[PDB]
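See structure below.
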Amino acid sequence: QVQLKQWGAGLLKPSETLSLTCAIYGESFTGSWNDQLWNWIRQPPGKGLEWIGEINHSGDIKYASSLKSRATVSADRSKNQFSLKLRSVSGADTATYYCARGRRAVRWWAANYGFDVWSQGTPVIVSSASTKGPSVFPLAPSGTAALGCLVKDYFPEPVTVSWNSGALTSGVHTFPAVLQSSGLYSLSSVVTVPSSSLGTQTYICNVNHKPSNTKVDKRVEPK
Amino acid sequence: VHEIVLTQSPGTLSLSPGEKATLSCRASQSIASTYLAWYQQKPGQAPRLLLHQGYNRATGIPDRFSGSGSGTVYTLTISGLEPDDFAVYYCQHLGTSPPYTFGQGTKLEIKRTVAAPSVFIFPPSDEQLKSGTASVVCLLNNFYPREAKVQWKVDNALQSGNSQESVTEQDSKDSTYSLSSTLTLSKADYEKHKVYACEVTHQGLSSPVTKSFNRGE
């Protein structure tokens, strides 16, 4: 029942400091064999895993080469916690951050010699933006047609997009949002529809952004 | 080069449930099997340890997962592929001392027949134009494989650095992907041109498909 609970702020403005703490449950900091390895792992959006740093049982600390000048991994023995501090954060640091547990490869010839316990992680987003409701713009259709809605300039995630109050689900594609260079998110949701029903059927997207308490209904008509 | 680099192949493995999956991990130099581990990650959750020390299953890992290899090449093998196994797989180098490193990953996805995208282009709405920005959206709908190229053309000028894409996860019913590209322009610059085209290249298309519109018409 060894578990890791991670907490920390994920919405950071540029040049601020990332501060994350990982709490250990079910195990001691050193372990019974003095073999525990406490690591921090990073995963940028859509990319692979990147190891950040490690503080081991005896207190030795090693960082990744690309982050050694800006990272500070520490640990509080009396509270069974270890932390990660990343200062001067930019857009390249946007990622989901994890803490994991490893075991040292000494006496390898005799449980798990990898990162067997992971925390649920923390999504860290680096943007200069504040809480802003989105603007919903129609994607009007010009025998299969396609129409949609453009949910633009909002922060932070997430948003809920529905069509006809959930009545229309077949053929709907709500794409993952992208973070624009302005620090605001932009999302589009589309749906494929037979062309013959463009004159009879009516389509209205329901956008909800609860961080800003914004609920917008925008119907999409032909041009 | 001096450092250790794990290169996984293939970048994308397309199989059906019940088939045998062979994933490879190549190290830039010889590695002891003790310092190689395999991981599985499903979209939206933390990675899970599959194998450690090259060949040993972690606690609770089913029998179909197994490892093999030595030296510079190691293999993760899944005998009877289950629907729960379609995810992203990474190999890791965890030696007697840091630094550790991961491979770039291998996506194990559902295999299906090749289907071409249905392309749609959307001009910016008049509502958005009254704000000072113009977003032109291009839609690529239900295609396979995921490899697709979208080229924006404004008055036959190939655009670059002013668009953004995003792709849905593999659909649960038809196993296809969808893509959406947004071309962002200021309202002023948008009124200076006429032809806005979305040129799509895909394996299912014998030649590139172009979806365009003329501003004002």
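As shown in the structure tokens, the chain order sets the letters A, B, ...; within each chain, residues go from 1, and ligands are also counted from 1 in the order they appear.
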
Q) Quick one: which residues from chain B are at most 6 Å off chain A, using only C-alpha atoms, as a VMD selection string? A) chain B and resid 49 52 96 104 122 168

Just the selected residues (N, CA and C atoms), exported as a JSON list (two decimals), in the first residue's frame, please.
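Okay, this is what ended up in again39.json:
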[["chain", "number", "residue", "atom", "x", "y", "z"],
["B", 49, "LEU", "N", 4.88, 0.45, -14.16],
["B", 49, "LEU", "CA", 6.05, -0.40, -14.38],
["B", 49, "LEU", "C", 5.60, -1.78, -14.87],
["B", 52, "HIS", "N", 11.18, -4.96, -14.99],
["B", 52, "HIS", "CA", 12.38, -4.38, -14.39],
["B", 52, "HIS", "C", 13.53, -5.35, -14.57],
["B", 96, "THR", "N", 23.47, 2.03, -11.87],
["B", 96, "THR", "CA", 23.89, 2.12, -10.48],
["B", 96, "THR", "C", 23.94, 3.55, -9.96],
["B", 104, "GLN", "N", 12.05, 7.51, -26.51],
["B", 104, "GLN", "CA", 11.04, 8.47, -26.94],
["B", 104, "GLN", "C", 9.63, 7.89, -26.92],
["B", 122, "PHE", "N", -13.14, 26.23, -42.97],
["B", 122, "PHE", "CA", -14.13, 27.15, -42.42],
["B", 122, "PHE", "C", -13.57, 28.57, -42.43],
["B", 168, "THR", "N", -7.42, 14.16, -32.22],
["B", 168, "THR", "CA", -8.18, 13.38, -31.26],
["B", 168, "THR", "C", -7.52, 12.02, -31.03]]

(Q) Please identify the strand (DSSP E or B) residues within segment 6-201 of chain B (assignment by DSSP from backbone atoms) and present them as a PyMOL selection string. (A) chain B and resi 6-9+12-15+21-27+36-41+48-52+56-57+65-70+73-78+88-93+101-102+106-110+115+118-122+133-144+148-154+157-158+163-167+177-186+195-201

Q.
One decimal, in Å: what's the spacing between atom CA of residue 214 of chain A and atom CA of residue 45 of chain B?
A.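 Distance between the two atoms: 28.2 Å.
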
(Q) So that I can check the surroundings of segment 156-166 of chain A, please list as an NGL selection string every protein, DNA and RNA residue that reaches within 7 Å of it, counting only C-alpha atoms and ignoring chain neighbours fewer than 4 positions away. (A) :A and (131 or 203-209)

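Here the question is which of A:9, A:4, A:37, A:167 gets nearest to residue 81 of chain A using only C-alpha atoms, and that residue is A:4.
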
**Q.** Those in chain B with alpha helix (DSSP H) from DSSP, as a PyMOL selection string
**A.** chain B and resi 126-129+187-190

**Q.** Test item: residues at most 8 Å from segment 14-26 of chain B, only C-alpha atoms, excluding those fewer than 6 positions along its chain, as a ChimeraX atom specification
**A.** /B:6-8,72-83,91,103,106,108-112
